[PDB]
**Q** 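Before I ask anything, here is the structure I am working with.
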Protein chains: 4
Amino acid sequence: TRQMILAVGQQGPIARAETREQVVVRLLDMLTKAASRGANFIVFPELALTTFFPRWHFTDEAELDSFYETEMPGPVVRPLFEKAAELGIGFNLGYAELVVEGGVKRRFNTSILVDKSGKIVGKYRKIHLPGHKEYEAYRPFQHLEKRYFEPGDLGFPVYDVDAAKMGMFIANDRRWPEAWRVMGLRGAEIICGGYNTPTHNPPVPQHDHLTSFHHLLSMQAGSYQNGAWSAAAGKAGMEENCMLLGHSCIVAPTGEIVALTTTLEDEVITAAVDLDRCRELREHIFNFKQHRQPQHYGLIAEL
Amino acid sequence: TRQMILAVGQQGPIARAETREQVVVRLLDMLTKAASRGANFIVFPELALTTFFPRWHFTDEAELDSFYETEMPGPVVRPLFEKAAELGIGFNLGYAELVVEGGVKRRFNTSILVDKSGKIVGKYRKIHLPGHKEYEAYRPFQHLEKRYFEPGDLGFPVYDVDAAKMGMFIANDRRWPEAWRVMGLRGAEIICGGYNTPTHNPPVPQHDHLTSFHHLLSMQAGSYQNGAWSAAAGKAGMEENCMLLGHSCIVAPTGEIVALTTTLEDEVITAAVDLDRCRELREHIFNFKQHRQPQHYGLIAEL
Amino acid sequence: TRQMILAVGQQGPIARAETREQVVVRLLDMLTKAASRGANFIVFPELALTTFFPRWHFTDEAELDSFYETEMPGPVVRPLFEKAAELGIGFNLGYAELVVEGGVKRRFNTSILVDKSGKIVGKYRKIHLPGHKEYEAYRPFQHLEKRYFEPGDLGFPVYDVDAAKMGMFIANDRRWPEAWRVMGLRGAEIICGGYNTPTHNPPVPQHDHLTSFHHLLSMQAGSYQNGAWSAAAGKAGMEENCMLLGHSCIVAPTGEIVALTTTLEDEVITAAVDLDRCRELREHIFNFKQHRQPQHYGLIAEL
Amino acid sequence: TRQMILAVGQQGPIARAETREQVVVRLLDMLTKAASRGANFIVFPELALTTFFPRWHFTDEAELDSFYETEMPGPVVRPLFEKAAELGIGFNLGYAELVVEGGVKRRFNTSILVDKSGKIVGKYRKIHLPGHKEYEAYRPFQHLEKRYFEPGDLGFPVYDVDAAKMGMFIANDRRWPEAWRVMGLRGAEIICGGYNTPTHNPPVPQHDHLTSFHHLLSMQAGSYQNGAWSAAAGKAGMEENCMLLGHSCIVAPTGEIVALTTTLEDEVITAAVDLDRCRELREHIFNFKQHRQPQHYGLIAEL
Ligand SMILES: CSCC[C@@H](NC(N)=O)C(=O)O
Ligand SMILES: CSCC[C@@H](NC(N)=O)C(=O)O
Ligand SMILES: CSCC[C@@H](NC(N)=O)C(=O)O
Ligand SMILES: CSCC[C@@H](NC(N)=O)C(=O)O
């Protein structure tokens, strides 16, 4: 009947000193709890293996490199893949990727989709890098993603994951209608990803109290307008003196929030997903082929 | 100047036999009340001069033509333009446009922007036509816009209206991120329009209770993601046996609803608008030039 | 750790001709699915064994009586209690109760709490009966609850159900702050019930589009202000030509909706419940003993 | 008359050294702007004449006393009353009240209603005092209202203000259903007040991101369940190193937010108010006399 149970594994803070081994234990616990509640897939946060290091300015490259993965999975993360296969629960894992190509140390904010067999089905590299590239003194904490990562080079792909068409977004990406639309046009039935969203907005502090609103607004609108189920897993709580947004969620193709976290700690939420529900939108009010007039959208793709 | 007061003139039902003269009296009343409350611009509904005729299956061309405007403004509508100039309040008026080219009739669902001097400074023709194409017997009311109108041929332009950059959308258009984005890329500071949205949708009645939700979600998301003020003027109430959605609104560039109607009759709402507020989004989180990666949005413009 | 998994079993329509045996099959299916997802308790709708008969005017007492239960459980409903005990999942069941006392045929809109052992722990009889008492011609459908039931005679009790303090409300009750507050003062940790809420409001049709809003507003506010988890199970869909509201939900003590249904059919939703979370409100902003000034609330209890 | 235009005058921060003369200039500006937009009544914040001093632990009584009013109005505040009478616009003003009885000082967190003739027609003293009673070292700022004020002794009265029945609440009061209900039972058509709500709460920081949610939820629910129009005027912005909540609002008797502020500075919002709108709730779903069962609400009034 094209049904499944989707889960989101929200993470509480990860300390700068907290080891990957310790984080994996936490991820394994949520994956196991999710499976016990019938979930067939669980979405984890953006950069879920470390503290959100872009908040600091690094002068030592070796120290910066320590936060990146040079292989996926390595011996430390391996246990998560083995448990996923064992319990038949796939997952979306976010991490910092370091790959040397043509003499260049390429750094990406990455996420991978692993199926219920523990196999990596697809990868995505964050295209919309927020923040800044140089240290900015007026900020109480930095957001140097433009400095520590380069824009993704895989576009916005949609993969077949256990008979479900899934697309990935990473944090800031969720706020751009273009990311959602490209994946919607590729037939995505589920669009998921994670995020590290501070509740304080240094550039525009007058928007601080709207942090939850803007995050949920983006998820609801993206789902509705593309007739896609969506899920966002945040890493929340007070991490290294910076409060991060919670409200991890699962959203229906109608834009209705069907599951929402209420704590700022490791938390699992689940929701029954019917892939055919996408038709209520994609065959009617949002029947792309019948209603879209692309000859008028050219400006969106102009360089 | 960067400050102004925006108004929305929601309309109650317009009967099939209600004359344009009677409708103009109603529009004049709202425009006058809005100006008395400081407004310098008022947004009126889609097809604001007649009942929403696309709900019927027409068999007589003369009858169909009777609901269109062959000139703008004609002697009957002219008074609205004269009062707008007198009180210094521009407006957005929706109407059915009938044009004859070399003996060939062209039909559009149209809206025009009139400045505080009563001069027409811009036009837009509905690009996203919703509904079905043929008569469907099971429906309590039809929605045959695809038969009675041709998709707009003016694209999604943005016009200068009394020191404000304004873009127009018409009803269904508000649900498409592409419409909003094109105008956002053209620098729109205010994106406005009207709508006739039945609270019942024959093919997907399971979404009926979400009518307000979907309407407001579309306005809030469009405003936020484009850092634009927006306004939607609905024609609400029980019109010719079909209940139409109210909840006309004015929205800030943050996606915050700053004004909302609560009746289903002619109703004026206003809100103070600071055109520089758009910068809170467009120079920061949604600084297009600095964050967008159009090279990866090509699919959106593919025919 | 005072934790559990709460479920809501929303019902789709129940036809006037649909038998209790058929309804029980549907209830058993949801209870089983809920248990498979880890739930320890499931909330069912108000009058969950029959169609919402108050919508019709009855002239035959025998016909009216057919919709009431004279024993709970009887041989037909028995299977549900046996399965609850088997799988270790308690439930809240709503039904029409007919009891003869002192020569009077007493009729109540009732709900019972059954623990994970299949034992009836407590009963509640609807105190706030909405609608009217006499046939009213202007209505497209009636709501004769005042005619078919008498106000409950058990007050608003709170019972110990498997180590959780649970209070019950029935439909309309959820809109009255008094119902919530009495149970809050009695220490309720979970307040639950069901409802049959038409999306059309005959007395005030201008509120039709606010049906979901008012229902969710009532649940969120009640939970927040009493620091109680809550759950509302609706019977939704087109039942005997009357559309009933869906949006069954589970709400945290903060008023946050943690689970929401998206269909208008039989649907199970679940949420992890931590009873100690109530303390975040009841020991702080809503620390009753420290902040309430009952000497000023007398008017609320005046007859 | 049953029609009027209600306004809310949100205040930006008031510095510790900012004089009442300077504050009155700011209040006069908003009152004048509101009247120019047709308003006949404007709601100002709680303790609208000074910085929110309860955030400090005082050690000098003279210093504490300096933040209170010993007369209302004194020569410095009188101009506001004179302008209100001149322009025909009443107001709700919050202030700290110091009364001396037989040499004994009485302190209240107070608000008064002034009609369009500039006459004081009603007073209310905050009954629900939030916060803590002793100095708590870990807090970045205190909230010692329980020490600086005595619970109000006037109950929750409802006054006639220019043909409108108005009731007052002060800040925290808006979160208690009892406050709203008493005024609802007294026939209030408009329930209004102001607030100083930090977006950070030291003892329960996990609710910080819900500050707007909880504030609006309280206003919407109170209005709906009592069929009353309501208005909340906040003093927002970064005041003495503490960020205060904005989102000042005007709400319809249906719980619908009809106007909302979007800045954290002095800001005026207005909305058309029809006093007969209250009937949509109070003569139907919330027809108190016909539906309430006070005999079962006794616990709410128990001391
Ligand atoms: C600096 S923009 C706001 C924060 C951003 N966070 C991430 N990780 O992308 C986000 O869009 O969620
Ligand atoms: C038939 S689709 C839903 C109704 C549509 N109305 C108009 N007028 O475009 C709208 O998008 O608002
Ligand atoms: C007639 S009042 C609106 C409908 C009412 N329904 C029930 N069952 O109580 C409710 O309050 O949900
Ligand atoms: C300390 S409780 C939260 C803050 C409180 N503020 C005031 N001024 O009452 C309020 O209820 O808005």
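All ligand and atom numbering here is 1-based and tracks the order in the structure. A, B, ... follow the sequence lines: proteins, then strands. Residue 1 opens every chain.
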**Q** Could you tell me the separation between the OH atom of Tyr195(D) and the CG atom of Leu245(D), rounded to the nearest 0.5 Å?
**A** 5.0 Å
**Q** Check for me whether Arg292(A) meets the cation-pi criterion with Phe288(A), that is, NZ or CZ under 6.0 Å from the six-membered ring centre and within 45 degrees of the ring axis.
**A** yes
**Q** If the threshold is 4.0 Å, N to carboxylate O, is there a salt bridge linking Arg55(C) and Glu239(C)?
**A** yes
**Q** State, without any angle test, whether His209(A) and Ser212(D) hold a side-chain donor-acceptor pair at a distance under 3.5 Å.
**A** no
**Q** For the pair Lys235(B) and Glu46(B), find out whether any cationic side-chain nitrogen is under 4.0 Å from an anionic carboxylate oxygen.
**A** no
**Q** Note every protein N or O atom lying under 3.5 Å from an N or O atom of ligand 3, pairing the names and giving the distance.
**A**
{"from": "ligand 3", "atom 1": "6 (N)", "to": "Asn196(C)", "atom 2": "O", "distance (Å)": "3.0"}
{"from": "ligand 3", "atom 1": "8 (N)", "to": "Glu46(C)", "atom 2": "OE1", "distance (Å)": "2.9"}
{"from": "ligand 3", "atom 1": "8 (N)", "to": "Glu46(C)", "atom 2": "OE2", "distance (Å)": "3.1"}
{"from": "ligand 3", "atom 1": "8 (N)", "to": "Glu145(C)", "atom 2": "OE2", "distance (Å)": "3.2"}
{"from": "ligand 3", "atom 1": "8 (N)", "to": "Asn196(C)", "atom 2": "O", "distance (Å)": "3.1"}
{"from": "ligand 3", "atom 1": "9 (O)", "to": "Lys126(C)", "atom 2": "NZ", "distance (Å)": "2.9"}
{"from": "ligand 3", "atom 1": "9 (O)", "to": "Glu145(C)", "atom 2": "OE2", "distance (Å)": "3.3"}
{"from": "ligand 3", "atom 1": "9 (O)", "to": "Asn172(C)", "atom 2": "N", "distance (Å)": "3.1"}
{"from": "ligand 3", "atom 1": "11 (O)", "to": "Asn172(C)", "atom 2": "ND2", "distance (Å)": "2.9"}
{"from": "ligand 3", "atom 1": "11 (O)", "to": "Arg175(C)", "atom 2": "NE", "distance (Å)": "2.7"}
{"from": "ligand 3", "atom 1": "12 (O)", "to": "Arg174(C)", "atom 2": "NH1", "distance (Å)": "3.0"}
{"from": "ligand 3", "atom 1": "12 (O)", "to": "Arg175(C)", "atom 2": "NH2", "distance (Å)": "3.1"}
{"from": "ligand 3", "atom 1": "12 (O)", "to": "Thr197(C)", "atom 2": "OG1", "distance (Å)": "2.8"}

**Q** Taking atom types as modelled, is there a side-chain donor on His128(D) or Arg175(D) under 3.5 Å from an acceptor on the other?
**A** no
